[PDB]
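Chemist: Need coordinates for the following:
(2 chains)
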Amino acid sequence: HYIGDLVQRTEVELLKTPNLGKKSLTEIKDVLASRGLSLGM
Amino acid sequence: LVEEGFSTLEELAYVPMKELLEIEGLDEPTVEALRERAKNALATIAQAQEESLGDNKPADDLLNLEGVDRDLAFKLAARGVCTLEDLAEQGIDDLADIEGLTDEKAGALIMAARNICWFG
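Modeler: Numbering: from 1, shown residues only, chains lettered A, B, ... in the order given. There you are, the coordinates:
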């Protein structure tokens, strides 16, 4: 629900989620990077 | 070719070279080229059908993901998911309408396909 929940998940965990493609993972990284955040903090 | 009795691409591909060389105006280079084209046409036709349904191309590529039966591979290929890469690129939502595929089973197959394509 929150950005703080998303930032704790690893890239390998997000790829296990249902309806989660490589394209949507790249979108999430690019958007988090635009805000100075990274996956796995 | 039809007047000389050839009706199929198989006849042209496999008939003895002597019978094709008896046709007026065929030389050995042209007969070899005609046979190579006939063999290439047959290969293309076979590959196309095997990718459209689940005969061989999708029965090996799309069916690489552990769990894919031949019926499911043909259902995937009917949606344009012909290869193990095409399946690795899908979401669960893109496969949700396939009769006999639960969201959990779709998720497991996509993850198996990704493990082979992206982490093998």
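
Chemist: Next, name the residue at the spatial heart of chain A.
Modeler: residue A:28 (4.8 Å; CA atoms, centre = their mean).

Chemist: how near is that residue to residue B:92?
Modeler: The gap separating residue A:28 from residue B:92 is 16 Å, by CB to CB, to the nearest Å. From N, CA and C alone the C-beta is placed, and that goes for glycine too.

Chemist: same check, this time on residue B:42
Modeler: 38 Å.

Chemist: For these two, indicate the residue with more neighbours.
Modeler: residue B:92 (20 against 16; other CB atoms under 10 Å in any protein chain shown).

Chemist: so who does that one touch?
Modeler: A:18, A:19, A:20, B:103, B:106, B:107, B:110 (CB atoms under 8 Å, 6 or more residues apart in numbering or on different chains).

Chemist: End to end on stretch B:97-108, go ahead and measure it.
Modeler: 16 Å (CA to CA, to the nearest Å).

Chemist: cool, stretch A:9-25 as well?
Modeler: End-to-end distance for stretch A:9-25: 12 Å, by CA to CA.

Chemist: repeat for stretch B:18-29
Modeler: 13 Å.

Chemist: Buried residues of it, list them for me.
Modeler: Going by neighbour count (16 or more other CB atoms under 10 Å in any protein chain shown), the buried part of stretch B:18-29 is residue B:20.

Chemist: Close to chain B: what parts of chain A are there?
Modeler: Proximity of chain A to chain B (CB under 8 Å from any CB of the partner chain) is limited to residues A:15, A:16, A:18, A:19, A:20, A:21, A:22, A:23, A:24.

Chemist: redo that, cut-off 10 Å
Modeler: A:12, A:15, A:16, A:17, A:18, A:19, A:20, A:21, A:22, A:23, A:24 (CB under 10 Å from any CB of the partner chain).

Chemist: State the distance from the fourth one to residue B:21.
Modeler: Relative to residue B:21, residue A:17 is positioned 64 Å away (criterion: CB to CB).
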